[PDB]
Amino acid sequence: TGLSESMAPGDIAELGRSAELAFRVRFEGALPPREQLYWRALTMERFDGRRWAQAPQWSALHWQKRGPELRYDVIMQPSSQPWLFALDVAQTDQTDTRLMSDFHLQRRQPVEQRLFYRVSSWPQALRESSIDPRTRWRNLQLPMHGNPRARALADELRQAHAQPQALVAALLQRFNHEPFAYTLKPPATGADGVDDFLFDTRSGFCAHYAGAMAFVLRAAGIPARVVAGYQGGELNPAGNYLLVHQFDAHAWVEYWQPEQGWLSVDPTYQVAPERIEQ
Ligand code: EMC
């Protein structure tokens with residue numbers, strides 16, 4: 001019926017089949033291009049071998065406004081969850097909502113009735129040029145056992161690429177140069193689900209790419225997490241608004257380094273750029 005605190009690919013696929021409305025958005029000025037419309041809901045910082053899940057957050061979070069400010073109104077359908085949707089980094093007019101330590105908005109109560117809120121976002125904000133130690137630590141967590149081939153790949157990438165930007169670029173280039181497939185009905189994978197996807201099936205959808213990428217970054221010593229939300233939306237020119245449906249559900253990645261802070265990346269773009277762009 002909506003996003004939840006945990007993500008396995010099957011949950012995202014189920015949202016992919018639903019035509020239910022998640023929210024509608026009206027921008028104060030021009031509509032941003034589709035590829036900037038990443039509606040962040042929550043982050044998933046725990047990986048247990050099988051799925052990515054939300055960890056506990058707290059509220060000072062170090063960030064700095066810079067670049068353009070986007071202003072828009074949202075009317076949200078009931079989700080039964082306490083997170084609000086918004087472009088990163090968001091501030092809202094809701095006095096019962098706070099920007100949490102993973103840059104997601106948490107409301108005091110779950111959204112059980114339609115809700116209107118106003119938002120200002122800074123998509124180019126500097127996020128944690130210095131990081132909270134709990135956050136850095138948490139975002140390097142992996143199970144000690146399982147997915148050994150992906151861990152081996154991470155070790156290789158770490159040796160060849162001392163700088164995180166270069167390592168991330170090489171991992172993205174693997175998705176782009178190897179013949180990975182983007183499909184909503186991929187082959188099943190086993191207990192080493194990261195290894196199976198990366199090396200054997202090489203076929204999946206946004207959740208596979210996001211999860212595997214965050215896994216390999218962590219195993220290479222770069223803090224990383226999965227971001228869950230929606231991307232894109234359908235324009236209704238008669239009302240000057242966008243509709244965002246459950247089928248717009250999407251997962252991506254962000255990774256941390258000193259000074260530059262958190263940077264977002266969508267590995268789906270390496271295999272299905274048309275889905276993101278159009
Ligand atoms: C619902 C396909 Hg990322």
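Counting neighbours? That spans all protein chains shown, and the Cβs are built from the backbone with ideal geometry, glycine included. Just so it is clear, none of the values below were taken in a lab; they were calculated from the coordinates.
Brief remarks follow.
- For the chain, radius of gyration divided by Kirkwood radius, i.e. Rg to Rh on alpha-carbons: 0.95
- Translational diffusion of the range 183-239, µm² s⁻¹ [Kirkwood Rh, Cα pairs; Stokes-Einstein; 37 °C; 0.692 mPa s]: 248
- Radius 15 Å from Cβ of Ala19, net charge of other residues (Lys, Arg +1; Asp, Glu -1): -2
- Hz values of 3J(HN,Hα) by residue in the range 6-15 - Karplus curve (6.51, -1.76, 1.60), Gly and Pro given as x: 10, 9, 10, x, x, 6, 5, 4, 5, 5
- Between the residues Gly190, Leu243, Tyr255, the greatest Cα displacement towards the positive end of the dipole of the range 188-257, with unit charges on the Cβ of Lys, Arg, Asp and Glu, is found for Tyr255.
- Whole-Hz couplings from phi, Karplus 6.51/-1.76/1.60, listed for the range 101-109; x for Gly and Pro: 5, 9, 6, 10, 8, 10, 8, 4, 10
- Residues in the range 201-218 carry Karplus couplings, in order, of 7, 6, 8, x, 10, 3, 5, 5, 4, 4, x, 5, 4, 4, 4, 5, 4, 4 Hz; the curve used is 6.51 cos²θ - 1.76 cosθ + 1.60 with θ = phi - 60°, and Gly or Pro positions show x.
- Residues whose amide H falls under 5 Å from that of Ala181, counting only those 5 or more places apart or on a different chain, are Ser203, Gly204, with hydrogens built in the peptide plane.
- Amide H partners (placed H, <5 Å) of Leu42, local residues excluded: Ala228
- Ranking of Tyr209, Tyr38 by count of other Cβ atoms within 10 Å, fewest first: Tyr38, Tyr209
- The range 4-68 versus the range 132-181: alpha-carbon centroid distance in Å: 22
- Computed from the Cα positions only, the extents of the range 5-92 along the three principal axes stand at 42, 38, 24 Å, in decreasing order.
- The C-alpha radius of gyration of the range 194-278, expressed as a fraction of 2.2 N^0.38 Å, stands at 1.27.
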